[PDB]
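Let me begin by presenting the structure, written as structure tokens, before commenting on it.
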Amino acid sequence: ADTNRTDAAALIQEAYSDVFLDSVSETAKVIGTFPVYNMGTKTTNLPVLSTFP
Amino acid sequence: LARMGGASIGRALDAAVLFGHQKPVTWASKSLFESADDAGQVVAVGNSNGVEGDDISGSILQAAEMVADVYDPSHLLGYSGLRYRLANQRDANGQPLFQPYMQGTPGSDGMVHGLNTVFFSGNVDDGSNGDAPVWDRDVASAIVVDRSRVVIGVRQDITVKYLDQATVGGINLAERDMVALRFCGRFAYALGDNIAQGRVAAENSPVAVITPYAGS
Amino acid sequence: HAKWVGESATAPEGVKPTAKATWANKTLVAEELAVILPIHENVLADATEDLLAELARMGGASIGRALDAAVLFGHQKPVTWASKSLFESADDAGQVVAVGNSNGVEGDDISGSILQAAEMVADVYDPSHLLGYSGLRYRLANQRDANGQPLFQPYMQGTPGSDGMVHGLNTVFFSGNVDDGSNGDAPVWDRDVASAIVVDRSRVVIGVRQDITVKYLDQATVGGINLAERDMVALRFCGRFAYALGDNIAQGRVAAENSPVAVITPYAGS
Amino acid sequence: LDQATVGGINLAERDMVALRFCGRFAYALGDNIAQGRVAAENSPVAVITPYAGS
């Protein structure tokens, strides 16, 4: 007879740690990188010169 | 969940603009890689030990020269660790190219040949409940771009709505004690890629690709 | 992940998708390692030296070596430690770099190989430590061109520089022996399997449940020896330790596989 | 509730409203206090039952 870990089990709490717990990281880059145009409607037209004499 | 909803939208926008991954059918512009590839502005890296310009630094200078012809190159886009790839470039005798000697060798990533570096990472919808990468390393080592020729249209920036009565995905929220966050934003993209060169309609790109060494 | 959605009232593309997030669990489990050092009371009396102070030094050092060998290479690792050893993490991730015999015309001399291993960890982590066996300064010096000029620093004049910092990685040197399970020796670091390891230090946790304690025994039965009946004594040493590796940072909808560890392997050829 | 679907009733579409009530509860009985070498059986409760005869 010896009062093993399974006889004492109800006295033995596991602990918890946040050391490896993180949110998602914001990896997106195109809005930070390229110039942004604020659109007032679904479609916008951009005229460009195509040819010259 | 608020962080996850926001971040998930930003990743999907990057993958559409760079490589055309799930790009909306109404976007008439080529994606960055597709613009350069169709313009033939593609520099393959080689293994000459830089006896040619075909080492990665000589390849970056060639890709920048292709853009600098009609446009003004400003950024280098790629995946991270570029400092470790610019270090460890070797002569036909084995000496380093990029800096004098190996002793102090992993320099700064942040500015390469006068181009600002931008690093891309993460995953996006594959169309089958799996993952696809934002940057496809099998087709591009890096992209050189003139930043001024890309316009990103923000029609509506990312918004969050809190749902506590709705039905979503067949779930009646209120009778089940569920809640949901709804995330959406509205975006557009255009590339100013064919500046006129004469009396015939031009074919250029403000984008050039460096592609990995495929051989041996 | 987000989806590109349309504007219909009845068609399937006019409805927004649902999605999950998922968490998982990693465990530190404390495991015990120990030794007992028995000796005859007459030998303690007749020796010139304080043999109990010497055996007290031997017991503590023996435990610290056995902990290092378990964490780095998985040598006699407890079955209850669910995490991969550092080498096993890199090896399963395929983050393995072989040193070559090229005089550095390849990227593959040891200084080039350290940068390739640093790049592999830097892909999803921040590498900060280089682990190996000592004398690295003498191997960093004496790296040569196909012409015989030095690769590492300008000229041979002042050439064995500091070990302590190398390619922006802090160096750490491992040495000694551990139980081979057959009453011989096994090395803490096997030089025939790895030249060095690159690691992100922050992804390793060492749990210390009980730091090493010494007990003097003069009546106990140990190893089948009745100590007091044989006019003997012993020192007992034990400590309790755990290890976890934060190896698989999430990447998307599917459960990811990564390593914060890359291995550099010796030149195996002729 | 005024917009939800509850019990098949689309509330807004039918000019209905509802009140939703909930609470969360648990119960434990501290019986079987230990008496010795063997796990003991003993209740903190005794019941009085009505006279059955006629």
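Chain labels A, B, ... are given in the sequence in which chains occur in the structure tokens; within each chain residues are numbered consecutively from 1, and ligands are likewise numbered from 1 in the order shown.
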
Produce a table with one row for each residue of chain A that has an atom at most 10 Å from any atom of chain B, each row naming the nearest atom pair and its distance in Å at one decimal; use only C-alpha atoms; arrange rows by chain and rising residue number; format as JSON lines.
```
{"residue": "A:23", "atom": "CA", "partner": "B:3", "partner_atom": "CA", "distance": 7.4}
{"residue": "A:24", "atom": "CA", "partner": "B:4", "partner_atom": "CA", "distance": 6.3}
{"residue": "A:25", "atom": "CA", "partner": "B:7", "partner_atom": "CA", "distance": 7.3}
{"residue": "A:26", "atom": "CA", "partner": "B:7", "partner_atom": "CA", "distance": 5.2}
{"residue": "A:27", "atom": "CA", "partner": "B:121", "partner_atom": "CA", "distance": 6.2}
{"residue": "A:28", "atom": "CA", "partner": "B:10", "partner_atom": "CA", "distance": 5.0}
{"residue": "A:29", "atom": "CA", "partner": "B:14", "partner_atom": "CA", "distance": 6.7}
{"residue": "A:30", "atom": "CA", "partner": "B:14", "partner_atom": "CA", "distance": 5.7}
{"residue": "A:31", "atom": "CA", "partner": "B:152", "partner_atom": "CA", "distance": 7.0}
{"residue": "A:32", "atom": "CA", "partner": "B:118", "partner_atom": "CA", "distance": 9.9}
{"residue": "A:33", "atom": "CA", "partner": "B:147", "partner_atom": "CA", "distance": 7.6}
{"residue": "A:34", "atom": "CA", "partner": "B:147", "partner_atom": "CA", "distance": 5.9}
{"residue": "A:35", "atom": "CA", "partner": "B:151", "partner_atom": "CA", "distance": 5.6}
{"residue": "A:36", "atom": "CA", "partner": "B:152", "partner_atom": "CA", "distance": 4.9}
{"residue": "A:37", "atom": "CA", "partner": "B:153", "partner_atom": "CA", "distance": 4.7}
{"residue": "A:38", "atom": "CA", "partner": "B:154", "partner_atom": "CA", "distance": 5.1}
{"residue": "A:39", "atom": "CA", "partner": "B:155", "partner_atom": "CA", "distance": 4.6}
{"residue": "A:40", "atom": "CA", "partner": "B:155", "partner_atom": "CA", "distance": 6.5}
{"residue": "A:41", "atom": "CA", "partner": "B:155", "partner_atom": "CA", "distance": 7.0}
{"residue": "A:42", "atom": "CA", "partner": "B:155", "partner_atom": "CA", "distance": 7.1}
{"residue": "A:43", "atom": "CA", "partner": "B:188", "partner_atom": "CA", "distance": 8.7}
{"residue": "A:44", "atom": "CA", "partner": "B:153", "partner_atom": "CA", "distance": 9.1}
{"residue": "A:46", "atom": "CA", "partner": "B:190", "partner_atom": "CA", "distance": 9.1}
{"residue": "A:48", "atom": "CA", "partner": "B:195", "partner_atom": "CA", "distance": 7.9}
{"residue": "A:49", "atom": "CA", "partner": "B:196", "partner_atom": "CA", "distance": 6.3}
{"residue": "A:50", "atom": "CA", "partner": "B:196", "partner_atom": "CA", "distance": 5.0}
{"residue": "A:51", "atom": "CA", "partner": "B:199", "partner_atom": "CA", "distance": 4.9}
{"residue": "A:52", "atom": "CA", "partner": "B:199", "partner_atom": "CA", "distance": 5.1}
{"residue": "A:53", "atom": "CA", "partner": "B:199", "partner_atom": "CA", "distance": 5.5}
```

Using the selection just defined, write its residues with N, CA, C and O atoms as an mmCIF file, in the first residue's frame.
```
data_model
loop_
_atom_site.group_PDB
_atom_site.id
_atom_site.type_symbol
_atom_site.label_atom_id
_atom_site.label_comp_id
_atom_site.auth_asym_id
_atom_site.auth_seq_id
_atom_site.Cartn_x
_atom_site.Cartn_y
_atom_site.Cartn_z
ATOM 1 N N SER A 23 -2.603 36.111 -31.567
ATOM 2 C CA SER A 23 -3.633 36.335 -32.585
ATOM 3 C C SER A 23 -3.086 36.038 -33.984
ATOM 4 O O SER A 23 -1.889 35.810 -34.162
ATOM 5 N N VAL A 24 -3.925 36.126 -35.020
ATOM 6 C CA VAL A 24 -3.395 36.338 -36.377
ATOM 7 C C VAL A 24 -2.615 37.649 -36.437
ATOM 8 O O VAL A 24 -2.937 38.605 -35.726
ATOM 9 N N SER A 25 -1.604 37.700 -37.294
ATOM 10 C CA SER A 25 -0.903 38.926 -37.671
ATOM 11 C C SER A 25 -1.487 39.496 -38.962
ATOM 12 O O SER A 25 -1.914 38.763 -39.851
ATOM 13 N N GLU A 26 -1.536 40.818 -39.083
ATOM 14 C CA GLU A 26 -1.976 41.481 -40.311
ATOM 15 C C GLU A 26 -0.840 41.497 -41.348
ATOM 16 O O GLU A 26 0.041 42.353 -41.296
ATOM 17 N N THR A 27 -0.813 40.528 -42.266
ATOM 18 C CA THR A 27 0.258 40.401 -43.266
ATOM 19 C C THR A 27 0.017 41.195 -44.551
ATOM 20 O O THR A 27 0.930 41.287 -45.368
ATOM 21 N N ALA A 28 -1.174 41.755 -44.778
ATOM 22 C CA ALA A 28 -1.516 42.381 -46.055
ATOM 23 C C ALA A 28 -0.738 43.676 -46.327
ATOM 24 O O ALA A 28 -0.529 44.477 -45.415
ATOM 25 N N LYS A 29 -0.342 43.917 -47.581
ATOM 26 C CA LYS A 29 0.573 45.010 -47.957
ATOM 27 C C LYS A 29 0.133 45.903 -49.112
ATOM 28 O O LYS A 29 0.679 47.003 -49.196
ATOM 29 N N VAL A 30 -0.801 45.541 -49.999
ATOM 30 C CA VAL A 30 -1.032 46.388 -51.188
ATOM 31 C C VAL A 30 -1.614 47.761 -50.863
ATOM 32 O O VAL A 30 -1.172 48.736 -51.455
ATOM 33 N N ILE A 31 -2.509 47.889 -49.881
ATOM 34 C CA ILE A 31 -3.062 49.197 -49.487
ATOM 35 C C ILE A 31 -2.009 50.092 -48.821
ATOM 36 O O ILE A 31 -2.026 51.307 -49.000
ATOM 37 N N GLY A 32 -1.048 49.520 -48.098
ATOM 38 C CA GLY A 32 0.083 50.283 -47.566
ATOM 39 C C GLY A 32 1.081 50.700 -48.648
ATOM 40 O O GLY A 32 1.694 51.759 -48.557
ATOM 41 N N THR A 33 1.254 49.875 -49.679
ATOM 42 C CA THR A 33 2.280 50.063 -50.710
ATOM 43 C C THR A 33 1.852 51.033 -51.803
ATOM 44 O O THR A 33 2.569 51.983 -52.099
ATOM 45 N N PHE A 34 0.705 50.808 -52.437
ATOM 46 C CA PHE A 34 0.299 51.527 -53.641
ATOM 47 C C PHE A 34 -0.669 52.669 -53.331
ATOM 48 O O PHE A 34 -1.374 52.606 -52.325
ATOM 49 N N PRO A 35 -0.717 53.735 -54.145
ATOM 50 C CA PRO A 35 -1.592 54.868 -53.879
ATOM 51 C C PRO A 35 -3.069 54.475 -53.959
ATOM 52 O O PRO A 35 -3.497 53.794 -54.890
ATOM 53 N N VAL A 36 -3.856 54.929 -52.986
ATOM 54 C CA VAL A 36 -5.283 54.615 -52.880
ATOM 55 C C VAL A 36 -6.149 55.760 -53.377
ATOM 56 O O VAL A 36 -5.947 56.917 -53.017
ATOM 57 N N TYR A 37 -7.142 55.429 -54.190
ATOM 58 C CA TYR A 37 -8.166 56.338 -54.678
ATOM 59 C C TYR A 37 -9.494 56.034 -53.980
ATOM 60 O O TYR A 37 -9.964 54.901 -53.999
ATOM 61 N N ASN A 38 -10.108 57.025 -53.343
ATOM 62 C CA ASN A 38 -11.408 56.862 -52.700
ATOM 63 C C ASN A 38 -12.532 56.924 -53.743
ATOM 64 O O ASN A 38 -12.830 57.996 -54.262
ATOM 65 N N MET A 39 -13.174 55.800 -54.055
ATOM 66 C CA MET A 39 -14.241 55.754 -55.055
ATOM 67 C C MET A 39 -15.598 56.195 -54.489
ATOM 68 O O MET A 39 -16.038 55.710 -53.448
ATOM 69 N N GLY A 40 -16.312 57.057 -55.210
ATOM 70 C CA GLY A 40 -17.668 57.503 -54.869
ATOM 71 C C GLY A 40 -18.795 56.674 -55.491
ATOM 72 O O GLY A 40 -19.958 56.898 -55.181
ATOM 73 N N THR A 41 -18.476 55.731 -56.374
ATOM 74 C CA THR A 41 -19.428 54.894 -57.120
ATOM 75 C C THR A 41 -18.727 53.633 -57.624
ATOM 76 O O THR A 41 -17.508 53.550 -57.544
ATOM 77 N N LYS A 42 -19.458 52.618 -58.093
ATOM 78 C CA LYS A 42 -18.899 51.310 -58.455
ATOM 79 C C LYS A 42 -17.840 51.378 -59.546
ATOM 80 O O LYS A 42 -16.850 50.663 -59.460
ATOM 81 N N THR A 43 -18.031 52.216 -60.554
ATOM 82 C CA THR A 43 -17.145 52.284 -61.720
ATOM 83 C C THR A 43 -16.511 53.657 -61.830
ATOM 84 O O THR A 43 -17.159 54.662 -61.596
ATOM 85 N N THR A 44 -15.242 53.732 -62.203
ATOM 86 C CA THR A 44 -14.569 54.984 -62.567
ATOM 87 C C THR A 44 -13.802 54.805 -63.860
ATOM 88 O O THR A 44 -13.187 53.767 -64.067
ATOM 89 N N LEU A 46 -10.822 56.112 -66.527
ATOM 90 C CA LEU A 46 -9.478 56.658 -66.548
ATOM 91 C C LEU A 46 -9.063 56.838 -68.016
ATOM 92 O O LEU A 46 -8.655 55.868 -68.654
ATOM 93 N N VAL A 48 -6.656 57.752 -71.087
ATOM 94 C CA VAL A 48 -5.213 57.720 -71.349
ATOM 95 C C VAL A 48 -4.925 58.067 -72.799
ATOM 96 O O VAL A 48 -5.665 57.670 -73.691
ATOM 97 N N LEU A 49 -3.845 58.788 -73.079
ATOM 98 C CA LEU A 49 -3.345 58.936 -74.442
ATOM 99 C C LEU A 49 -2.857 57.582 -74.962
ATOM 100 O O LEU A 49 -2.167 56.861 -74.255
ATOM 101 N N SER A 50 -3.210 57.225 -76.190
ATOM 102 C CA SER A 50 -2.901 55.935 -76.808
ATOM 103 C C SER A 50 -1.877 56.057 -77.934
ATOM 104 O O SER A 50 -0.925 55.285 -77.976
ATOM 105 N N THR A 51 -2.015 57.047 -78.818
ATOM 106 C CA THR A 51 -1.082 57.307 -79.922
ATOM 107 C C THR A 51 -0.996 58.798 -80.212
ATOM 108 O O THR A 51 -1.892 59.555 -79.852
ATOM 109 N N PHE A 52 0.077 59.234 -80.864
ATOM 110 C CA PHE A 52 0.318 60.619 -81.257
ATOM 111 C C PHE A 52 1.067 60.678 -82.599
ATOM 112 O O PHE A 52 1.635 59.667 -83.011
ATOM 113 N N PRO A 53 1.038 61.808 -83.328
ATOM 114 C CA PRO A 53 1.535 61.891 -84.701
ATOM 115 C C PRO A 53 3.056 62.068 -84.817
ATOM 116 O O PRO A 53 3.707 62.535 -83.886
#
```

Residues of chain B within 10 Å of chain D, counting only C-alpha atoms, as a PyMOL selection string: chain B and resi 164-167+171-177

Keeping only N, CA and C atoms, write the selected residues to a file as a short mmCIF file (atom, residue, chain, number, x, y, z; two decimals), in the first residue's frame.
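Written file, selection-v9.cif:
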```
data_model
loop_
_atom_site.label_atom_id
_atom_site.label_comp_id
_atom_site.auth_asym_id
_atom_site.auth_seq_id
_atom_site.Cartn_x
_atom_site.Cartn_y
_atom_site.Cartn_z
N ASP B 164 -27.03 39.24 -34.15
CA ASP B 164 -27.58 38.54 -32.99
C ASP B 164 -29.02 38.06 -33.19
N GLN B 165 -29.66 38.38 -34.32
CA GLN B 165 -31.00 37.92 -34.69
C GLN B 165 -31.06 37.23 -36.05
N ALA B 166 -30.09 37.48 -36.93
CA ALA B 166 -30.09 37.00 -38.31
C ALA B 166 -30.09 35.48 -38.48
N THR B 167 -30.35 35.02 -39.70
CA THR B 167 -30.05 33.65 -40.12
C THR B 167 -28.86 33.70 -41.06
N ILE B 171 -27.97 28.76 -39.91
CA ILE B 171 -28.03 28.91 -38.46
C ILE B 171 -28.98 30.06 -38.13
N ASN B 172 -30.09 29.81 -37.44
CA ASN B 172 -30.92 30.86 -36.86
C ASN B 172 -30.26 31.36 -35.57
N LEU B 173 -29.68 32.56 -35.56
CA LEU B 173 -28.82 32.97 -34.46
C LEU B 173 -29.54 33.08 -33.11
N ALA B 174 -30.69 33.75 -33.04
CA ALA B 174 -31.30 34.06 -31.75
C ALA B 174 -31.90 32.85 -31.04
N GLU B 175 -32.51 31.91 -31.76
CA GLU B 175 -33.09 30.71 -31.15
C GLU B 175 -32.04 29.67 -30.75
N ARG B 176 -30.77 29.86 -31.12
CA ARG B 176 -29.66 28.98 -30.76
C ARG B 176 -28.67 29.60 -29.79
N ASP B 177 -28.88 30.84 -29.35
CA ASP B 177 -27.88 31.62 -28.61
C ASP B 177 -26.53 31.67 -29.30
#
```

I need the residues in range 53-135 of chain B that are alpha helix (DSSP H) according to DSSP; give them as a ChimeraX atom specification. /B:56-68,82-86

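Residue nearest chain A, chosen from D:23, D:32, D:37, D:14 and counting only C-alpha atoms: D:37.
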
With only C-alpha atoms considered, list every residue of chain C at most 9 Å from chain A, as an NGL selection string. :C and (26 or 203 or 205 or 246 or 249-251)

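Shell of range 56-72 of chain B at 7 Å, with only C-alpha atoms counted and residues fewer than 4 places along the chain excluded, is residues 41, 43, 45, 144, 146, 206, 207, 208, 209 and 210 of chain B.
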
Give me every strand (DSSP E or B) residue in range 69-104 of chain B, going by DSSP on the backbone, as a ChimeraX atom specification. /B:75-78,90,96

Name the residues in contact with residue 133 in chain C at a cut-off of 12 Å, using only C-alpha atoms, excluding same-chain residues fewer than 3 positions from it; report them as a list in words. residues 130, 136, 137, 138, 139, 163, 171, 172, 173, 174, 175, 176, 187, 188, 189, 190, 191, 192, 193, 194, 195, 196 and 197 of chain C

Kindly export the residues of the current selection with N, CA, C and O atoms, as a PDB file, in the first residue's frame.
```pdb
ATOM      1  N   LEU C 130      23.066  30.166 -32.810  1.00  0.00           N
ATOM      2  CA  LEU C 130      23.773  29.113 -33.513  1.00  0.00           C
ATOM      3  C   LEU C 130      24.358  28.166 -32.467  1.00  0.00           C
ATOM      4  O   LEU C 130      25.171  28.567 -31.648  1.00  0.00           O
ATOM      5  N   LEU C 136      34.810  27.111 -33.442  1.00  0.00           N
ATOM      6  CA  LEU C 136      34.192  27.635 -34.654  1.00  0.00           C
ATOM      7  C   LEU C 136      35.013  28.768 -35.282  1.00  0.00           C
ATOM      8  O   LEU C 136      35.221  28.753 -36.488  1.00  0.00           O
ATOM      9  N   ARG C 137      35.597  29.674 -34.498  1.00  0.00           N
ATOM     10  CA  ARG C 137      36.540  30.707 -34.949  1.00  0.00           C
ATOM     11  C   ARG C 137      37.673  30.167 -35.808  1.00  0.00           C
ATOM     12  O   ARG C 137      37.972  30.749 -36.840  1.00  0.00           O
ATOM     13  N   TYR C 138      38.256  29.025 -35.469  1.00  0.00           N
ATOM     14  CA  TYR C 138      39.320  28.421 -36.270  1.00  0.00           C
ATOM     15  C   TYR C 138      38.816  27.796 -37.569  1.00  0.00           C
ATOM     16  O   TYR C 138      39.610  27.597 -38.479  1.00  0.00           O
ATOM     17  N   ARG C 139      37.521  27.477 -37.661  1.00  0.00           N
ATOM     18  CA  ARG C 139      36.868  26.968 -38.872  1.00  0.00           C
ATOM     19  C   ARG C 139      36.308  28.082 -39.760  1.00  0.00           C
ATOM     20  O   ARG C 139      36.125  27.852 -40.947  1.00  0.00           O
ATOM     21  N   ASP C 163      34.401  34.021 -31.265  1.00  0.00           N
ATOM     22  CA  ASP C 163      33.333  33.031 -31.462  1.00  0.00           C
ATOM     23  C   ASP C 163      31.936  33.588 -31.166  1.00  0.00           C
ATOM     24  O   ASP C 163      30.956  33.057 -31.670  1.00  0.00           O
ATOM     25  N   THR C 171      26.488  32.485 -30.561  1.00  0.00           N
ATOM     26  CA  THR C 171      26.925  31.087 -30.542  1.00  0.00           C
ATOM     27  C   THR C 171      26.745  30.451 -29.172  1.00  0.00           C
ATOM     28  O   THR C 171      26.823  31.118 -28.142  1.00  0.00           O
ATOM     29  N   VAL C 172      26.511  29.142 -29.146  1.00  0.00           N
ATOM     30  CA  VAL C 172      26.457  28.315 -27.939  1.00  0.00           C
ATOM     31  C   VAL C 172      27.179  27.008 -28.215  1.00  0.00           C
ATOM     32  O   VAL C 172      26.889  26.358 -29.214  1.00  0.00           O
ATOM     33  N   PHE C 173      28.085  26.590 -27.334  1.00  0.00           N
ATOM     34  CA  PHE C 173      28.885  25.386 -27.539  1.00  0.00           C
ATOM     35  C   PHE C 173      28.527  24.274 -26.563  1.00  0.00           C
ATOM     36  O   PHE C 173      28.499  24.488 -25.357  1.00  0.00           O
ATOM     37  N   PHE C 174      28.280  23.085 -27.098  1.00  0.00           N
ATOM     38  CA  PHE C 174      27.851  21.894 -26.378  1.00  0.00           C
ATOM     39  C   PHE C 174      28.953  20.843 -26.390  1.00  0.00           C
ATOM     40  O   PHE C 174      29.628  20.657 -27.399  1.00  0.00           O
ATOM     41  N   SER C 175      29.157  20.157 -25.271  1.00  0.00           N
ATOM     42  CA  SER C 175      30.230  19.175 -25.116  1.00  0.00           C
ATOM     43  C   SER C 175      29.962  18.182 -23.989  1.00  0.00           C
ATOM     44  O   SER C 175      29.174  18.435 -23.076  1.00  0.00           O
ATOM     45  N   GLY C 176      30.665  17.054 -24.033  1.00  0.00           N
ATOM     46  CA  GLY C 176      30.609  15.995 -23.030  1.00  0.00           C
ATOM     47  C   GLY C 176      29.932  14.727 -23.527  1.00  0.00           C
ATOM     48  O   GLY C 176      29.645  14.567 -24.710  1.00  0.00           O
ATOM     49  N   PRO C 187      28.010  10.873 -27.255  1.00  0.00           N
ATOM     50  CA  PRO C 187      28.306  12.302 -27.156  1.00  0.00           C
ATOM     51  C   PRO C 187      27.043  13.146 -26.946  1.00  0.00           C
ATOM     52  O   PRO C 187      25.987  12.809 -27.465  1.00  0.00           O
ATOM     53  N   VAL C 188      27.135  14.280 -26.241  1.00  0.00           N
ATOM     54  CA  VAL C 188      26.005  15.230 -26.121  1.00  0.00           C
ATOM     55  C   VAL C 188      25.621  15.768 -27.496  1.00  0.00           C
ATOM     56  O   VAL C 188      24.444  15.811 -27.838  1.00  0.00           O
ATOM     57  N   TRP C 189      26.623  16.136 -28.291  1.00  0.00           N
ATOM     58  CA  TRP C 189      26.504  16.561 -29.678  1.00  0.00           C
ATOM     59  C   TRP C 189      27.249  15.582 -30.579  1.00  0.00           C
ATOM     60  O   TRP C 189      28.468  15.482 -30.481  1.00  0.00           O
ATOM     61  N   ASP C 190      26.581  14.882 -31.490  1.00  0.00           N
ATOM     62  CA  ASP C 190      27.280  13.998 -32.426  1.00  0.00           C
ATOM     63  C   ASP C 190      27.767  14.757 -33.671  1.00  0.00           C
ATOM     64  O   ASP C 190      26.993  15.095 -34.567  1.00  0.00           O
ATOM     65  N   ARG C 191      29.074  15.006 -33.750  1.00  0.00           N
ATOM     66  CA  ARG C 191      29.700  15.771 -34.838  1.00  0.00           C
ATOM     67  C   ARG C 191      29.553  15.114 -36.204  1.00  0.00           C
ATOM     68  O   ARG C 191      29.695  15.793 -37.213  1.00  0.00           O
ATOM     69  N   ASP C 192      29.252  13.825 -36.257  1.00  0.00           N
ATOM     70  CA  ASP C 192      29.009  13.122 -37.511  1.00  0.00           C
ATOM     71  C   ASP C 192      27.600  13.337 -38.066  1.00  0.00           C
ATOM     72  O   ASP C 192      27.384  13.036 -39.237  1.00  0.00           O
ATOM     73  N   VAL C 193      26.639  13.854 -37.287  1.00  0.00           N
ATOM     74  CA  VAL C 193      25.277  14.133 -37.784  1.00  0.00           C
ATOM     75  C   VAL C 193      25.016  15.615 -38.008  1.00  0.00           C
ATOM     76  O   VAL C 193      24.344  15.957 -38.973  1.00  0.00           O
ATOM     77  N   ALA C 194      25.572  16.507 -37.193  1.00  0.00           N
ATOM     78  CA  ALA C 194      25.392  17.944 -37.353  1.00  0.00           C
ATOM     79  C   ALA C 194      26.670  18.729 -37.071  1.00  0.00           C
ATOM     80  O   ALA C 194      27.343  18.494 -36.076  1.00  0.00           O
ATOM     81  N   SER C 195      26.973  19.719 -37.903  1.00  0.00           N
ATOM     82  CA  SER C 195      28.015  20.715 -37.653  1.00  0.00           C
ATOM     83  C   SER C 195      27.508  21.860 -36.789  1.00  0.00           C
ATOM     84  O   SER C 195      28.222  22.336 -35.918  1.00  0.00           O
ATOM     85  N   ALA C 196      26.270  22.295 -37.006  1.00  0.00           N
ATOM     86  CA  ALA C 196      25.622  23.327 -36.210  1.00  0.00           C
ATOM     87  C   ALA C 196      24.102  23.260 -36.356  1.00  0.00           C
ATOM     88  O   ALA C 196      23.582  22.614 -37.261  1.00  0.00           O
ATOM     89  N   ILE C 197      23.383  23.948 -35.479  1.00  0.00           N
ATOM     90  CA  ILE C 197      21.939  24.145 -35.540  1.00  0.00           C
ATOM     91  C   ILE C 197      21.674  25.642 -35.460  1.00  0.00           C
ATOM     92  O   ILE C 197      22.232  26.316 -34.607  1.00  0.00           O
TER      93      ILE C 197
END
```

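Take CA of residue 107 in chain C and CA of residue 89 in chain B: the distance between them is 7.1 Å.
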
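Between CA of residue 105 in chain C and CA of residue 92 in chain B lies a distance of 5.9 Å.
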
At a cut-off of 8 Å, using only C-alpha atoms, what residues contact residue 39 in chain B? Leave out same-chain residues fewer than 5 positions from it and give the result as number ranges by chain. B: 203-205
